[PDB]
Amino acid sequence: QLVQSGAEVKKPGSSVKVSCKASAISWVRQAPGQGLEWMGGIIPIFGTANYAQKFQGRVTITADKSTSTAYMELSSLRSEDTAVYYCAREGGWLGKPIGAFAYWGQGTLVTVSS
Amino acid sequence: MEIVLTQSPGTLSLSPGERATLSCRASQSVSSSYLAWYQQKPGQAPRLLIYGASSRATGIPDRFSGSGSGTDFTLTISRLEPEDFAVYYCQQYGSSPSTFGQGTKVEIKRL
């Protein structure tokens, strides 16, 4: 069960911070006319962030282990960052390797408006 | 180098009852056929349909199937139901970072 924070409207060049409460996720956005893109995620075992090159240097992904909550903070927002932002999880694992996302949050719309 | 996934066609225009076949081409071979397909309808999160190129997720209807290996993959809907008009995405997880195609919209064909 993944439950995300509410929609946000942001000004150009500002930063947004979205939360996802699990009841090691990834952040994937759906940006109009660009399909889905993987931004980054908290990795298994180490519980630290990895990032896509495209967003490296203005995305910060953190997790609060105690509250089972992940965050994505995206800075220097541009009009092209208008998108629905999802947290997603794959699902000790001793079965076959499987890196598909079975579980998704409800999405957080971020609109960057001038 | 990220594996780039390119879906075809951009838009598929068909009538209910018709067969739909969606293509996903990878810029580089996708290890171990680690390819997934999702459906997304407006206002909803993506839903996992297929993983490992050809394995149907539990609760996904028989009319959905997937096939392919290397760089060429397909999702087929054997007969389109009204609820199947949606956008479909492929995803590879055979290499880091995971990447997605741009989506194919399956829409109702003009009258």
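Residues numbered from 1 in each chain as written, not as in the entry; some residues may be left out. Chains lettered and ligands numbered in written order. Heavy atoms only, no water. Residues with missing side-chain atoms left out of burial classes, pairs and counts.

Method of determination for the deposited model, per the PDB record: X-ray crystallography, at 1.89 Å resolution.

The name the PDB entry gives chain B is GEP 1 light chain, with Homo sapiens as the organism. Here the PDB entry's recorded title is "Ontogeny of recognition specificity and functionality for the anti-HIV antibody 4E10".

Named according to the PDB entry, chain A is GEP 1 heavy chain originating from Homo sapiens.

A.B. asks: How do you make sense of the overall build of chain A when you look at a structure like this?
C.D. replies: Across its full length, chain A carries zero helices and 11 strands. Overall, chain A shows an N-to-C arrangement of helices and strands of β-β-β-β-β-β-β-β-β-β-β. (Helix = DSSP H or I, 4+ residues; strand = E, 2+ residues; numbered from the N terminus.)

A.B. asks: For this particular structure, what's the right way to read the state of the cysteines?
C.D. replies: Throughout this description, disulfide means a covalent bond between two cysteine sulfur atoms. Under the criterion given, the structure shown has two disulfides over all chains. Here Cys-20 of chain A pairs with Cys-87 of chain A through a disulfide, and the sulfurs are 2.0 Å apart. When the S-S torsion is 65 degrees, as for the bridge of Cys-20 of chain A with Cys-87 of chain A, the disulfide is right-handed. Residue classification places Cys-87 of chain A among the buried positions, given a relative accessible area of 0%. A sulfur-sulfur separation of 2.1 Å characterises the disulfide bridge that pairs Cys-24 of chain B with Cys-90 of chain B. Linking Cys-24 of chain B and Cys-90 of chain B, the disulfide has an S-S dihedral of approximately 75 degrees and is accordingly described as right-handed. Here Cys-90 of chain B lies in strand β9 (residues 86-92) and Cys-24 of chain B lies in strand β3 (residues 20-26), a separation of 66 residues in the sequence. For the pair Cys-24 of chain B and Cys-90 of chain B, one class covers both residues: buried. (Disulfide = S-S within 2.5 Å. Buried < 20%, exposed > 50% of the residue type's maximum accessible area, 1.4 Å probe, protein only.)

A.B. asks: Please clarify how the sheet that holds β3 of chain B should be interpreted in this entry.
C.D. replies: Across a sheet, paired strands are connected by hydrogen bonds in the backbone, their directions being either parallel or antiparallel. All names here are of chain B. Read across the open sheet, the four strands follow the order β1-β3-β8-β7; overall the sheet is antiparallel. Strands with a single pairing partner mark the edges of an open sheet, and in this sheet they are β1 (5-8) and β7 (64-69). Ignoring which end each strand starts from, the neighbouring axes of this sheet average 20 degrees apart. Inspection of the sheet shows β3 paired to strand β8 (residues 72-77) by six bridges, in the antiparallel sense. What sits directly across from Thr-21, in β8, is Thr-76. (Pairing = 2+ DSSP bridges. Axes fitted to C-alpha atoms, helices over the stretch in contact; angles between N-to-C directions.)

A.B. asks: For this particular structure, what's the right way to read the packing of aromatic side chains?
C.D. replies: For any two aromatic rings, the description comes down to two numbers: the centre-to-centre distance and the angle of the planes. Applying the stated rule across the entire model yields seven aromatic pairs over all chains. Consider the rings of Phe-101 of chain A and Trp-104 of chain A, whose centres lie 5.8 Å apart with planes at 70 degrees: the pair is edge-to-face. Assessed through its relative accessible area of 1%, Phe-101 of chain A is described here as buried. An angle of 40 degrees between the planes, with centres 6.4 Å apart, marks the rings of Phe-64 of chain B and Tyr-88 of chain B as tilted. With a gap of 24 residues between them, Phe-64 of chain B in strand β7 and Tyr-88 of chain B in strand β9 connect regions that are remote in the sequence. Sitting over the face of the ring of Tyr-71 of chain A, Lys-17 of chain A holds its NZ or CZ atom 5.0 Å from the ring centroid. (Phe/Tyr/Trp six-rings, centres within 6.5 Å; stacked < 30°, edge-to-face > 60°. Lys NZ or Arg CZ within 6 Å of the ring centre and 35° of its normal.)

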